[PDB]
Amino acid sequence: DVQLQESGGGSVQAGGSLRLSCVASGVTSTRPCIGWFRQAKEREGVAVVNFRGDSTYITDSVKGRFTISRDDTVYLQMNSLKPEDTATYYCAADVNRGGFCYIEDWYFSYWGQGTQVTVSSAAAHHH
């Protein structure tokens, strides 16, 4: 199996930033498309990146604040965070599309355990 190791979650204030990472191991043939998904509600897409670094985002609003990049190690840089960005973030892999990507979860067969991201309003935030 492809194995996915997530890191970089935490608790921040609204307007803050976090950088998630996902490291894929167990890749023996096709390098995977790596995607980030989140679930606060149903699971939803965020962004995906193909084996050569080309990215696709769920919406323009998301693309304006988050950036996905690839070194099989992928980063999701999250800026200008909204309270509503609070969720468990999951990385996922698709090795059945030649290394290329779709944004939808039904193309992904390997899932990380999830990493919690908590974004608090100014009134609620404590270090």
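Quick note: the coordinates plus some simple rules give every number you see, no bench work behind them. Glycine gets a Cβ as well: all are built from the backbone with ideal geometry, and neighbour counts include every protein chain shown.
Can you say whether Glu84 is within 14 Å of the chain's Cα centre (by Cα) and within 26 Å of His127 (Cα to Cα), as far as the supplied structure shows? Answer is no for this residue.
Does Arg70 satisfy the criteria of being of a type in the set (D, E, K, R), closer than 18 Å to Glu6 by Cβ, touching an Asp or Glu at 6+ places or on another chain (Cβ under 7 Å) and surrounded by 15 or more Cβ atoms within 10 Å (Cβ to Cβ)? Against the criterion (of a type in the set (D, E, K, R), closer than 18 Å to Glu6 by Cβ, touching an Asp or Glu at 6+ places or on another chain (Cβ under 7 Å) and surrounded by 15 or more Cβ atoms within 10 Å (Cβ to Cβ)), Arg70 does not qualify.
You will find that of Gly64, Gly26, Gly10, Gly15, the residue that is more than 30 Å from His125 (Cα to Cα) and out of contact with any helix residue (DSSP H, G or I) (no Cβ under 7 Å at 6 or more places or on another chain) is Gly26 and no other. Scanning segment 25-44 for residues that are buried (at least 20 other Cβ atoms within 10 Å of the Cβ) and either among the polar types (S, T, N, Q) or in contact with a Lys or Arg (Cβ under 8 Å, 6 or more places away or on another chain) (or both) gives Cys33, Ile34, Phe37. Please work out if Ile68 is part of a loop (DSSP other than H, G, I, E, B), under 13 Å from the mean Cα position of the chain (by Cα) and closer than 19 Å to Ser21 by Cα. The answer is no for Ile68.
Each residue in segment 17-32 was checked for being in contact with a strand residue (DSSP E or B) (Cβ under 7 Å, 6 or more places away or on another chain), assigned to a loop (DSSP other than H, G, I, E, B) and on the phi < 0 side of the Ramachandran plot, and 2 pass.
Flag: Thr59 does not match the condition of being farther than 29 Å from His127 by Cα and in contact with a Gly (Cβ under 6 Å, 6 or more places away or on another chain). The residues of segment 103-127 that are touching a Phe, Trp or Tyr at 6+ places or on another chain (Cβ under 7 Å), assigned to a strand (DSSP E or B) and either over 25 Å from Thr73 (Cβ atoms) or not polar (S, T, N, Q) (or both), listed by number, are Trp111, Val117. The listed residues are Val74, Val2, and the only one of them that is within 10 Å of the chain's Cα centre (by Cα), among the β-branched types (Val, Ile, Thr) and more than 25 Å from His127 (Cα to Cα) turns out to be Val74. State yes or no: is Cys91 in contact with a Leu (Cβ under 6 Å, 6 or more places away or on another chain) and either under 12 Å from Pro32 (Cα atoms) or in a loop (DSSP other than H, G, I, E, B) (or both)? Answer is yes for this residue.
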